Amino acid sequence: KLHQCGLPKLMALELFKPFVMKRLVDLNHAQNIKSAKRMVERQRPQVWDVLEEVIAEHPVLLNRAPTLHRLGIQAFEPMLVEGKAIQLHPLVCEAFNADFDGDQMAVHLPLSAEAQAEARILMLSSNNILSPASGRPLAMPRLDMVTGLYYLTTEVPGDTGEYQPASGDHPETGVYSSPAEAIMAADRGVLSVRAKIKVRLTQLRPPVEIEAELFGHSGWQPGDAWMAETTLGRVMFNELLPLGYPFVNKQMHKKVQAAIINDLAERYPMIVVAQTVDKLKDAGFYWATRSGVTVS
Amino acid sequence: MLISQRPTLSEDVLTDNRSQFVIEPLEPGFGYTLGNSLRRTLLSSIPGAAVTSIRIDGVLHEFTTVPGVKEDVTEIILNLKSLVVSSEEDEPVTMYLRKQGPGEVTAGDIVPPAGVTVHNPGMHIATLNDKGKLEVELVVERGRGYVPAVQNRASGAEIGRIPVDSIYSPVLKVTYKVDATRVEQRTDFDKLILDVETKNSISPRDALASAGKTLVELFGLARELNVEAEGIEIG
Amino acid sequence: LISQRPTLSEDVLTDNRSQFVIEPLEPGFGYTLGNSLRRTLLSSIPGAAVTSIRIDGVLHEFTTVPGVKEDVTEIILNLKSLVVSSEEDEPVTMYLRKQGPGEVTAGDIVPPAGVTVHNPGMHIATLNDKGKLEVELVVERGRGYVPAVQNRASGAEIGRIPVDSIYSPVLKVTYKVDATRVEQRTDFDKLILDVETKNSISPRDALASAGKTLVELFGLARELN
Amino acid sequence: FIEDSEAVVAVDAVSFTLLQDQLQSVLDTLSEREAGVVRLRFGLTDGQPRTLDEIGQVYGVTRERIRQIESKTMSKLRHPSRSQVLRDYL
Amino acid sequence: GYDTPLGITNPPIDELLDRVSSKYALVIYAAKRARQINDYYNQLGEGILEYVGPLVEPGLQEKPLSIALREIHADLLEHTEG
Amino acid sequence: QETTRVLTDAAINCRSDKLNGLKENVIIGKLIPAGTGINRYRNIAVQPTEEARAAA
Amino acid sequence: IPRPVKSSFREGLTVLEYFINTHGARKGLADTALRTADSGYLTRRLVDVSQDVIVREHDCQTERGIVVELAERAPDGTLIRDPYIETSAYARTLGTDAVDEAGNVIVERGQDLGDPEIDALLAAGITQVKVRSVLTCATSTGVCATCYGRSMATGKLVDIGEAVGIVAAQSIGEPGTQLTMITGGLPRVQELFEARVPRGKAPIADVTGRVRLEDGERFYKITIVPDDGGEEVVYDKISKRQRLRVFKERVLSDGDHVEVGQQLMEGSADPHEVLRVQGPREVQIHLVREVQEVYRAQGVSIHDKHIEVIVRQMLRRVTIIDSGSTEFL
Amino acid sequence: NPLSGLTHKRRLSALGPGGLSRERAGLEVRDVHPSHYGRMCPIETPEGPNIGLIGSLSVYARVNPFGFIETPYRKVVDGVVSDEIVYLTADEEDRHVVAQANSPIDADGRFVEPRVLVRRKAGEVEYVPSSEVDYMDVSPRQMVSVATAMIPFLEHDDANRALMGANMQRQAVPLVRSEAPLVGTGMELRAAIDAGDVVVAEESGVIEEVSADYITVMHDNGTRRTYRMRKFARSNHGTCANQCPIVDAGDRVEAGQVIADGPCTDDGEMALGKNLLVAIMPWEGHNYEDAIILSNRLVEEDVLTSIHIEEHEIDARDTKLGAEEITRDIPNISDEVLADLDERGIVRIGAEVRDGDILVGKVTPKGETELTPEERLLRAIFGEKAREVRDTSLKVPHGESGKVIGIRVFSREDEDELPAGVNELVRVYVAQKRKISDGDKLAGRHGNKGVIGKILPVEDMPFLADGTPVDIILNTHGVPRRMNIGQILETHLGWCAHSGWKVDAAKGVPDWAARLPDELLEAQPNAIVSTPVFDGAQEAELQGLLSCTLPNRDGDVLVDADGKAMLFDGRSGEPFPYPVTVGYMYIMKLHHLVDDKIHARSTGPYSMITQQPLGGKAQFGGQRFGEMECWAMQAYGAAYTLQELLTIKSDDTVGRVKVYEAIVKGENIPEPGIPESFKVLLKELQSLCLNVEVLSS
Amino acid sequence: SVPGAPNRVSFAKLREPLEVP
RNA sequence: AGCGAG
Ligand SMILES: [Mg+2]
Ligand SMILES: [Zn+2]
């Protein structure tokens with residue numbers, strides 16, 4: 001998650017060993033401080049759970065030289081990982097300008113109460129989304145995730161499961177009663193995720209024009225139902241955004257995603273921004289895997 | 001070889017029919033193996049019932065609007081298609097929804113024959129207008145899964161009879177998420193989380209139990225091949 | 001309703017490769033079931049493999065025996081391709097003695113009761129007039145891949161040469177579902193699981209063991225009720 | 001590239017602090033006179049060690065009594081009871 | 001309209017900022033309260049000192065800073081700026 | 001920059017540094033007068049609210 | 001090279017085409033190293049100059065402010081939004097109340113001037129607005145929260161301890177190493193902040209008059225006879241290589257009425273002359289405009305307030321002409 | 001590896017004694033000059049702050065007796081190309097209108113077309129005077145070096161990616177096995193032979209007796225010669241230098257024939273990496289931004305694994321108090337950590353040692369000192385003696401492990417040359433078999449580098465319809481913009497080479513195969529092939545060979561003519577909706593392993609004049625917190641963390657032990673003091689006769 | 001060229017006059 | 001000195 005970073009077991013144990021010695025003396029796994037230091041130096045099997053108990057909600061600053069700007073130092077809540085590598089969140093990559101072709105980075109450990117408070121409040125990676133330079137989001141999805149979301153939300157005319165209003169012989173045979181039915185059809189080889197359809201939506205707020213037409217004044221969307229003439233992929237995407245956000249119904253170019261995240265940060269609290277951004281990342285990776293973009 | 005960790009299945013309840021089951025700690029990689037199995041099974045194995053066709057009087061050639069109701073054909077279809085119904089019968093059973101007089105036609109205004117129960121007795125199907133009369137004939141079968149609407153091959157069969165997509169499956173939407181617990185002390189075991197949403201026909205937990213049963217059947221065939229063979233046993 | 005329960009049938013092609021046809025499934029169940037079976041087979045089928053070897057005239061795997069054309073590490077690699085089936089969980093020890101010129105194969109190894117070498121023709125080393133190869137191998141039962149246990153951890157001398165153990169006796173598993181998909185919507189799925197094991201166990205037994213494990217697990221999802 | 005090999009290593013420092021603390025506690029366990037004799041024998045109280053004669057003079061007792069009580073003190077403190085609370089420091 | 005904030009991002013920082021004038025004020029507020037709570041835990045078994053707390057049921061293994069912040073969230077403290 | 005020129009001129013002029021910027025405070029290892037180090041946030045007085053003390 | 005490389009990378013370059021290609025690639029890889037060095041040095045200088053610019057108060061209540069144009073009136077009559085408005089008017093605080101056709105206030109002083117505000121202003125039909133900027137900040141030590149405006153990162157009004165100088169320096173100096181270096185890239189920004197006399201010292205008029213232009217050999221004379229009628233000044237051996245500027249459509253024509261600042265020759269005008277001619281405000285505008293033009297030419301967006309912080313730090317001293325009687329050389 | 005050594009030779013550095021220095025070297029010397037063609041590689045060059053100052057001599061280049069670099073050219077006379085190869089220096093080339101290698105010849109020695117491409121004196125490549133061109137290039141690839149000549153499909157790679165591939169071939173570690181690439185070049189064999197790390201028979205003869213340690217060969221005339229292999233030797237960079245024979249006990253071998261392959265050699269031809277089944281799709285965000293996800297097969301079958309040998313040296317010297325002894329009598333340390341140590345001290349061969357274990361038991365004298373009252377009391381209680389000799393034993397440095405190959409002991413008493421004032425010097429060799437793990441750096445030959453983000457189990461690995469799992473998954477987002485499409489070409493060709501092909505020449509040869517060399521119309525499965533640098537497999541020929549890809553085992557072509565295969569999802573089980581570019585890419589394991597990169601510190605050595613602990617993983621080094629990082633912290637407004645860092649974490653020598661005590665005892669971290677470096681500065685300023693005083697107020 | 005070498009077949013359409021030095 | 005990331 002945007003406020004987390006994997007931290008190798010050996011590196012964390014070495015960084016925190018003043019704390020782990022205390023903790024495994026208090027738990028009575030060691031008799032005194034020197035015995036505890038001996039256990040730490042030999043990495044006894046019992047000093048790993050104590051490590052997991054010490055490392056808890058104790059932020060660590062991550063830095064990548066050069067620090068061309070402020071967001072090149074960011075505090076993460078460290079999680080223990082198996083081997084020798086710091087697992088960085090993909091979204092903070094553009095903030096660090098860090099690609100994974102050997103880009104080492106350094107981890108510092110705030111100690112005092114003020115240092116921990118500053119790392120947790122001022123520098124937390126989920127608190128720093130917008131660039132201080134221009135205010136454009138810096139944690140928004142990029143590369144694989146943008147491709148996944150663009151593939152998911154793009155519409156292709158003439159697709160399987162599309163909507164046809166032909167009459168005289170049969171009904172429109174393209175309309176779905178709920179997104180659950182739409183996804184069930186998607187599981188079958190019937191409805192593509194990129195096919196224009198009309199679906200009955202009852203949990204996603206409609207855009208301003210249709211809301212002002214059908215509701216007008218106080219359209220309370222959590223219960224009300226409306227007809228959305230869109231693709232299923234756009235419905236799935238709009239389910240990632242918060243409840244209050246109206247339906248977008250646009251192919252999600254990089255610019256459109258950036259504008260969405262700008263507007264979300266301006267209107268919604270930054271925790272909502274962080275969670276929405278994380279969900280966008282997950283969906284983007286999944287549908288980038290499903291997009292079938294490849295070179296030959 | 002006697003798995004050293006026992007999987008445990010618990011559940012959190014979010015709404016009347018909606019839950020989050022969690023199975024943990026699964027061996028290092030059994031999250032997905034059975035997460036996708038349980039998703040595709042819960043959604044298509046649990047025997048359910050659903051309306052498979054409707055007949056709206058006055059809708060025989062043009063399927064655009066009905067006289068005597070506000071909603072058009074599509075909205076009646078969609079409202080009916082979301083009607084939770086349990087049929088303990090064997091073969092298709094028809095149903096009649098007749099209402100004449102200004103007012104709102106709800107599911108409770110239908111007359112269920114013996115063998116079928118409508119567990120959504122308060123949903124809105126339509127609103128009559130201009131002293132109109134709505135006389136709809138439904139056809140309820142029982143199946144499993146989202147069988148898409150079957151086209152009426154016979155031309156003379158019933159030009160009125162509108163084939164409707166059948167959501168037989170009692171579960172509506174399931175999504176699994178395999179997180180990883182205990183990278184080090186366990187070597188990165190995985191826990192799976194099934195978010196289950198089911199219509200009022202059956203509670204989510206019973207859907208999951210029937211799933212478990214039907215999956216036991218298949219892998220029990222596999223086992224039947226050689227009853228006595230080493231297998232990682234939970235004990 | 002489908003109104004018919006599924007059935008399985010084996011088609012023995014080779015003594016190792018076989019097609020299991022399971023039909024009729026439910027629309028969409030084919031790929032899911034086949035992949036579940038494949039993931040159980042490829043990862044969680046118990047078996048036996050050599051866990052540690054000890055050559056008499058060697059101290060570690062970074063040396064050479066006099067008279068052999070192969071290093072000790074090359075001997076380890078040649079032994080990695082050895083397929084053996086054991087019948088008792090406890091560690092077993094077999095021996096391989098050869099002297100003088102000749103092609104030291106697996107068939108030279110003398111297996112005790114229960115354990116058997118199913119590729120005697122496999123090459124382990126080649127000797128010359130001045131060579132003598134006496135190596136004792138340890139076989140145990142397990143599942144999946146387990147990294148070579150370190151020497152110090154388990155009480156051991158300075159002669160043991162731990163080898164990585166790959167216990168799973170399955171080579172290649174694929175699956176092809178043949179959906180019917182008729183417009184009258186009486187569709188079903190038929191899964192054809194190709195399974196190819198490495199001569200240690202017939203494909204039938206591997207599929208049965210996978211069935212055992214998966215039944216045990218799904219029994220938990222059933223016991224909630 | 002050259003390490004100051006005479007800097008407070010910050011681990012032996014805390015080790016020495018805890019050693020002094022636990023030594024003071026275990027000394028407080030035994031009888032008061034015993035504590036006094038061992039203390040003033042090794043100069044723990046103020047860093048000045050003295051022999052039997054001085055402690056005999058200050059307490060107004062012959063040298064031999066101090067020697068005897070010192071022997072008893074060593075024998076007591078060597079007991080496994082008050083040794084596992086002081087090992088891992090040597 | 002968030003979902004269960006998990007870990008270091010709990011309680012949400014925005015709804016803490018509602019309790020103060022700026023992020024820096026929150027930083028010092030939480031840090032000083034955390035120092036007070038640690039002093040309490042240390043200098044309490046010995047002769048009873050004055051600094052009080054915690055005011056919220058702490059977790060079984062939960063750091064003093066998190067306790068301080070959970071106190072701030074509940075409007076359980078007061079502060080005056082220089 | 002230009003340490004020698006700067007120090008020569010400062011020495012000739014008897015220049016006293018009031019230690020008010022960020023670089024000087026960093027150099028002498030004391031809190032920078034910015035962010036959380038300013039005099040209004042640093043000496044915030046923190047104490048339990050009266051109702052909380054009564055409850056506890 | 002006019003050869004050119006007439007083949008694709010899928011088709012595969014010939015031997016000579018590959019050799020010709022390698023020149024530019026090696027040149028770029030050396031340029032990137034030297035450029036990262038230069039940009040790091042510039043960032044260091046920018047950080048060091050503006051260490052002492054941090055928010056201290058909440059408000060000056062100063063009336064002084066800066067005018068931002070927003071949309072431009074169309075010749076046929078219409079307001080087209082200014083292209084570079086996101087980095088100029090957004091996230092600023094109004095210093096004076098907005099007036100539409102001498103009517104009521106659409107938005108009064110002390111507003112964040114966000115997207116809805118700009119939308120309302122463009123709807124009303126008003127282009128120039130007075131906002132509060134660090135340049136015209138009355139507080140002596142550092143700046144204040146309101147004049148600085150909204151914090152771009154936090155998205156709200158800046159705090160009372162933010163080190164806006166460091167943020168401005170880093171924001172200006174990070175996009176360097178992506179500025180592909182008259183001087184037009186990182187060297188241009190370097191000589192703009194250093195206030196160095198540019199290589200293309202294109203003189204600008206001193207007093208409104210008629211430009212008596214000549215055509216000379218190895219030089220020109222952009223003479224100007226004023227409308228003050230005072231003492232017409234002439235210009236020196238203005239080199240023939242420097243081409244004439246395009247004054248408003250018509251290029252500078254002999255005997256043409258120019259204003260007080262209209263650049264006569266092509267290229268840049270040294271900031272010092274424009275300062276001496278037009279006071280501090282116009283040199284401020286010139287510096288911000290030139291730096292933002294350099295940063296836009298590559299496609300990088302930096303808010304104007306950071307360049308304004310640096311420019312503010314540059315204009316804080318005065319030359320003494322007369323001591324008076326108080327220890328001032 | 002052999003290539004790294006070979007290219008360290010043939011290296012022309014423009015800096016050194018009497019040469020340009022990096023700082024004083026301008027920007028015009030680093031560029032490529034038209035005169036470099038054939039005399040110096042324009043591609044192979046360091047990518048750091050040395051680009052252009054260091055280059056590699058081209059393959060055919062030669063050095064004039066006067067020091068200038070000559071290059072061969074075919075003298076073409078009266079429009080008639082010849083064989084006479086004249087070696088021209090740059091000056092002579094400028095005076096001649098030199099043609100290009102791939103100029104079609106009519107087979108009569110004469111150009112079959114007017115308008116033959118040419119170069120002229122000014123280095124300008126332009127239009128051409130037909131006929132009467134005085135010289136012609138000897139062959140393609142004349143301009144590339146040995147390292148760059150081993151990148152197949154070089155012409156399809158941008159100069160940046162080709163440069164990186166050339167510089168990265170020299171970083172590949174020697175694997176245990178080594179496999180010759182399916183797709184290579186003609187430079188593989190010659191590079192391996194001339195590198196000198198591969199044994200070649202000096203004279204013809206019949207192999208008399210071959211074993212894993214030497215080969216005795218009987219020459220044609222009586223005499224016999226024994227080549228002795230170099231088994232598990234350590235190279236300068238810690239890699240393995242194993243040599244094993246590749247000849248039987250009866251084979252007749254001619255002079256100059258390879259008879260024992262080296263570290264990175266397979267059957268005599270260079271082999272730097274392994275051929276891996278690769279998919280070019282994006283996969284779940286684990287191969288994100290040049291990250292690589294590998295199957296677990298590569299760790300199970302042990303195909304990307306390298307033996308690393310590390311040497312530790314310790315010498316007992318002569319000190320004032322006496323001499324240091326090497327024995328198993330280390331003071332105060334128990335009989336457990338003195339277990340493996342031999343009767344004479346140094347650890348035994350084959351004894352597994354983990355970080356912190358003792359290798360050489362050494363004991364240096366201490367001289368009388370002052371035991372504290374507490375320690376004297378404790379010694380009396382626990383009945384011990386000071387021993388008067390300290391320990392300075394050699395121990396496995398932190399983070400290392402492995403067996404112990406061999407011990408080399410030099411001693412004065414046995415009259416072995418040693419420095420003055422040292423009695424013994426013992427070196428212990430510790431070998432570890434490193435397995436590929438996340439954080440390790442991998443790369444192909446086309447600059448497609450990347451660290452390993454994840455190692456998936458084989459079961460959740462995309463597998464072809466046949467059931468074969470893919471070994472590696474690269475990202476499609478890195479190909480189009482880095483302009484190294486060559487890798488994709490290689491991939492396709494690799495797959496073809498792996499499968500084998502048969503061009504259906506039923507009615508003549510297909511028009512796209514008319515110019516194919518004979519005998520390439522049919523290739524058996526797993527057939528090694530070569531595509532020389534700038535003459536190779538044209539795209540049309542590759543399309544054709546991809547169409548005919550004779551089936552794997554049954555009648556089933558897993559790769560359509562487009563080169564993309566329909567893959568099954570390992571986890572979900574459904575097929576991916578669209579085909580995926582699958583093939584065989586030859587990828588190398590670069591020597592940037594995470595085991596050497598990981599480092600951590602909580603407390604350790606502190607520098608001499610100042611505190612601010614020593615830097616470097618070699619020591620117990622703290623990570624530099626520079627001025628840019630401190631500015632970033634100031635911008636954040638976090639004053640307390642910055643003060644903490646720059647005072648108690650780094651320099652303040654009193655608040656340091658205090659913070660350690662506070663952390664270990666659960667107390668609050670204390671107030672920080674004055675950093676020691678500031679007082680050092682004050683003393684430096686005062687010693688410059690500058691009266692600096694810190695006025696209280 | 002080299003007496004005993006793997007038979008690596010080439011896609012080379014141009015004969016080389018000079019052997020690599 | 002060679003070398004890695006930007
Ligand atoms: Mg990089
Ligand atoms: Zn102000």
# chains A, B, ... in the order shown; residues from 1 in each chain; ligands from 1

$ residues_around --residues "range 42-44 of chain B" --least-positions-apart "3" --cutoff "7 Å" --atoms "only C-alpha atoms (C1' of nucleotides)" --output "NGL selection string"
:B and (38-39 or 144-145 or 169 or 171-172 or 207-208 or 211)

$ residues_near_ligand --ligand "ligand 1" --cutoff "12 Å" --atoms "only C-alpha atoms (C1' of nucleotides) and all ligand atoms" --output "PDB file with N, CA and C atoms (P, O5', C5', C4', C3', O3' and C1' of nucleotides), in the first residue's frame"
ATOM      1  N   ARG A  64      16.533   8.381  -2.195  1.00  0.00           N
ATOM      2  CA  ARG A  64      17.252   7.986  -3.402  1.00  0.00           C
ATOM      3  C   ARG A  64      18.058   9.180  -3.890  1.00  0.00           C
ATOM      4  N   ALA A  65      19.377   9.042  -3.900  1.00  0.00           N
ATOM      5  CA  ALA A  65      20.215  10.111  -4.417  1.00  0.00           C
ATOM      6  C   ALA A  65      20.182  10.108  -5.944  1.00  0.00           C
ATOM      7  N   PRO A  66      20.117  11.282  -6.588  1.00  0.00           N
ATOM      8  CA  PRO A  66      20.062  12.635  -6.023  1.00  0.00           C
ATOM      9  C   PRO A  66      18.668  12.992  -5.531  1.00  0.00           C
ATOM     10  N   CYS A  93       7.455   5.689  -7.451  1.00  0.00           N
ATOM     11  CA  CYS A  93       8.613   5.638  -8.337  1.00  0.00           C
ATOM     12  C   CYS A  93       8.839   6.975  -9.030  1.00  0.00           C
ATOM     13  N   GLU A  94       7.781   7.548  -9.603  1.00  0.00           N
ATOM     14  CA  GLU A  94       7.930   8.821 -10.298  1.00  0.00           C
ATOM     15  C   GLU A  94       8.322   9.931  -9.329  1.00  0.00           C
ATOM     16  N   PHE A  96      10.341   9.442  -6.710  1.00  0.00           N
ATOM     17  CA  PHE A  96      11.768   9.203  -6.548  1.00  0.00           C
ATOM     18  C   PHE A  96      12.530   9.217  -7.864  1.00  0.00           C
ATOM     19  N   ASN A  97      11.840   9.144  -9.001  1.00  0.00           N
ATOM     20  CA  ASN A  97      12.493   8.930 -10.292  1.00  0.00           C
ATOM     21  C   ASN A  97      13.311   7.643 -10.266  1.00  0.00           C
ATOM     22  N   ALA A  98      12.725   6.591  -9.696  1.00  0.00           N
ATOM     23  CA  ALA A  98      13.417   5.330  -9.447  1.00  0.00           C
ATOM     24  C   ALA A  98      12.792   4.230 -10.291  1.00  0.00           C
ATOM     25  N   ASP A  99      13.536   3.754 -11.281  1.00  0.00           N
ATOM     26  CA  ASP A  99      13.202   2.545 -12.017  1.00  0.00           C
ATOM     27  C   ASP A  99      14.051   1.393 -11.496  1.00  0.00           C
ATOM     28  N   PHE A 100      13.575   0.176 -11.733  1.00  0.00           N
ATOM     29  CA  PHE A 100      14.185  -1.010 -11.133  1.00  0.00           C
ATOM     30  C   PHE A 100      15.140  -1.672 -12.126  1.00  0.00           C
ATOM     31  N   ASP A 101      16.273  -1.003 -12.333  1.00  0.00           N
ATOM     32  CA  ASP A 101      17.417  -1.570 -13.032  1.00  0.00           C
ATOM     33  C   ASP A 101      18.683  -1.360 -12.216  1.00  0.00           C
ATOM     34  N   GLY A 102      18.600  -1.628 -10.917  1.00  0.00           N
ATOM     35  CA  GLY A 102      19.718  -1.469 -10.011  1.00  0.00           C
ATOM     36  C   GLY A 102      19.703  -0.209  -9.176  1.00  0.00           C
ATOM     37  N   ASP A 103      18.579   0.499  -9.115  1.00  0.00           N
ATOM     38  CA  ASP A 103      18.497   1.788  -8.429  1.00  0.00           C
ATOM     39  C   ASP A 103      18.501   1.542  -6.927  1.00  0.00           C
ATOM     40  N   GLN A 104      19.687   1.496  -6.326  1.00  0.00           N
ATOM     41  CA  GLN A 104      19.743   1.344  -4.880  1.00  0.00           C
ATOM     42  C   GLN A 104      19.150   2.572  -4.200  1.00  0.00           C
ATOM     43  N   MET A 105      18.729   2.387  -2.952  1.00  0.00           N
ATOM     44  CA  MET A 105      18.265   3.512  -2.159  1.00  0.00           C
ATOM     45  C   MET A 105      18.551   3.228  -0.693  1.00  0.00           C
TER      46      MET A 105
ATOM     47  N   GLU H 289       8.613  -1.350 -14.709  1.00  0.00           N
ATOM     48  CA  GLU H 289       9.766  -0.465 -14.868  1.00  0.00           C
ATOM     49  C   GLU H 289      11.078  -1.250 -14.880  1.00  0.00           C
ATOM     50  N   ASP H 290      11.237  -2.066 -15.919  1.00  0.00           N
ATOM     51  CA  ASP H 290      12.483  -2.780 -16.167  1.00  0.00           C
ATOM     52  C   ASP H 290      12.797  -3.790 -15.070  1.00  0.00           C
ATOM     53  N   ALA H 291      11.780  -4.268 -14.364  1.00  0.00           N
ATOM     54  CA  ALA H 291      11.934  -5.376 -13.437  1.00  0.00           C
ATOM     55  C   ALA H 291      11.575  -6.679 -14.141  1.00  0.00           C
ATOM     56  N   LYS H 441      20.762  -8.467 -10.710  1.00  0.00           N
ATOM     57  CA  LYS H 441      20.638  -7.763 -11.977  1.00  0.00           C
ATOM     58  C   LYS H 441      20.845  -8.736 -13.130  1.00  0.00           C
ATOM     59  N   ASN H 448      18.896  -4.550 -22.435  1.00  0.00           N
ATOM     60  CA  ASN H 448      17.617  -4.727 -21.747  1.00  0.00           C
ATOM     61  C   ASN H 448      17.868  -5.264 -20.337  1.00  0.00           C
ATOM     62  N   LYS H 449      18.437  -4.392 -19.510  1.00  0.00           N
ATOM     63  CA  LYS H 449      18.801  -4.733 -18.146  1.00  0.00           C
ATOM     64  C   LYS H 449      17.581  -4.692 -17.229  1.00  0.00           C
ATOM     65  N   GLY H 450      17.766  -5.204 -16.016  1.00  0.00           N
ATOM     66  CA  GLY H 450      16.721  -5.124 -15.012  1.00  0.00           C
ATOM     67  C   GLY H 450      16.987  -5.978 -13.794  1.00  0.00           C
ATOM     68  N   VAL H 451      16.554  -5.528 -12.623  1.00  0.00           N
ATOM     69  CA  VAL H 451      16.659  -6.336 -11.419  1.00  0.00           C
ATOM     70  C   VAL H 451      15.454  -7.261 -11.347  1.00  0.00           C
TER      71      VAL H 451
ATOM     72  P     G J   4      29.288   0.705 -15.935  1.00  0.00           P
ATOM     73  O5'   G J   4      28.292   0.737 -14.696  1.00  0.00           O
ATOM     74  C5'   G J   4      27.730  -0.464 -14.195  1.00  0.00           C
ATOM     75  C4'   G J   4      26.818  -0.208 -13.024  1.00  0.00           C
ATOM     76  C3'   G J   4      25.750   0.845 -13.238  1.00  0.00           C
ATOM     77  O3'   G J   4      24.641   0.347 -13.961  1.00  0.00           O
ATOM     78  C1'   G J   4      26.781   1.174 -11.133  1.00  0.00           C
ATOM     79  P     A J   5      23.774   1.331 -14.884  1.00  0.00           P
ATOM     80  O5'   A J   5      23.003   2.240 -13.833  1.00  0.00           O
ATOM     81  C5'   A J   5      22.082   1.669 -12.917  1.00  0.00           C
ATOM     82  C4'   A J   5      21.358   2.739 -12.144  1.00  0.00           C
ATOM     83  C3'   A J   5      21.010   3.989 -12.932  1.00  0.00           C
ATOM     84  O3'   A J   5      19.852   3.829 -13.731  1.00  0.00           O
ATOM     85  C1'   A J   5      21.961   4.604 -10.860  1.00  0.00           C
ATOM     86  P     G J   6      19.702   4.634 -15.108  1.00  0.00           P
ATOM     87  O5'   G J   6      19.445   6.133 -14.644  1.00  0.00           O
ATOM     88  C5'   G J   6      18.308   6.455 -13.862  1.00  0.00           C
ATOM     89  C4'   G J   6      18.417   7.830 -13.259  1.00  0.00           C
ATOM     90  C3'   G J   6      18.621   8.977 -14.234  1.00  0.00           C
ATOM     91  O3'   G J   6      17.427   9.375 -14.888  1.00  0.00           O
ATOM     92  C1'   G J   6      20.102   9.217 -12.407  1.00  0.00           C
TER      93        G J   6
END

$ residues_near_ligand --ligand "ligand 2" --cutoff "8 Å" --atoms "only C-alpha atoms (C1' of nucleotides) and all ligand atoms" --output "JSON, numbers by chain"
{"G": [57, 58, 59, 60, 61, 62, 132, 133, 134, 136, 137, 138, 139, 143, 144, 145, 146, 147, 148]}

$ residues_around --residues "residue 69 in chain G" --least-positions-apart "3" --cutoff "8 Å" --atoms "only C-alpha atoms (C1' of nucleotides)" --output "number ranges by chain"
G: 72, 82, 127-129

$ interface_residues --of "chain G" --to "chain F" --cutoff "6 Å" --atoms "only C-alpha atoms" --output "PDB file with C-alpha atoms, in the first residue's frame"
ATOM      1  CA  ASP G  52      15.721  33.087   4.507  1.00  0.00           C
ATOM      2  CA  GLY G 161       6.613  27.881   9.089  1.00  0.00           C
ATOM      3  CA  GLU G 162       6.911  26.561   5.547  1.00  0.00           C
TER       4      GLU G 162
END

$ interface_residues --of "chain B" --to "chain A" --cutoff "9 Å" --atoms "only C-alpha atoms" --output "PyMOL selection string"
chain B and resi 40+43+61-64+73-75+77-79+81-82+145-149+159+162+164-165+167+172-173+183-185+187-188
